[PDB]
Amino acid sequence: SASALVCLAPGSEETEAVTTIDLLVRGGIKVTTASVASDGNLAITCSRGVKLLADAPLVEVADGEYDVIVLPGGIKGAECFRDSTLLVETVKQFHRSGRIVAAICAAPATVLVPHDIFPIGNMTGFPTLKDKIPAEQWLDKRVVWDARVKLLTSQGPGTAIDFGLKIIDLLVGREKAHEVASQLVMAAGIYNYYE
């Protein structure tokens, strides 16, 4: 079975994190949540005060064989990720070992750009943080999949469904992505993977 490592830090965006986890589980993907930048504490207070319990400290799962590492947004959570040497090294290791990096909202600009992880990759993120992403790399699009570098990015709380569905498509296929999308009562405008 496919698997995903979803990172959480103080100040992570809870709608982004939780919607993604839920969709991945609906897609049959095994999800582990990891606490980042908390010295092992598993209780994470998210950006609007929602309190989540992570499964494990990052340092205990960073070497696992997950197919994708997921970086939720939330400006303070993304800063924690950026400033965690373990988080940054783990993202680089996922990439170098042929796996997927997935990041939403503030995470592309705050984590990926300062560390030059994908120097010529195409990416999106929260629109009013556009200028934190190099102009030659920026696209203003609900989801961007750069297949060359296996980088999936997305824009905000309202694109979390689109983001999760594309992870499902990539790890377990279009039919499963459509099956999950069909469970949700999705808004018009969001791609449902039927075609």
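One rule holds for the numbers: they count along the sequence shown, beginning at 1.
In this entry, the higher average B-factor at the C-alpha atoms falls on 57-65, of the pair 137-145 and 57-65. The stretch with the higher mean CA B factor, choosing between 24-32 and 37-45, is 37-45. When the modelled residues of the chain are ordered by C-alpha B-factor, residue 87 sits in the middle third. The entry lists a Cα temperature factor for residue 160 that places it in the lowest third of the chain's modelled residues.
Per the PDB record, residue ranking by Cα B-factor puts residue 93 in the highest third of the chain.
Annotation for residue 194: CA B-factor lies in the highest third of the chain's modelled residues. Looking at the C-alpha B-factors along this chain, the one for residue 111 belongs to the middle third.
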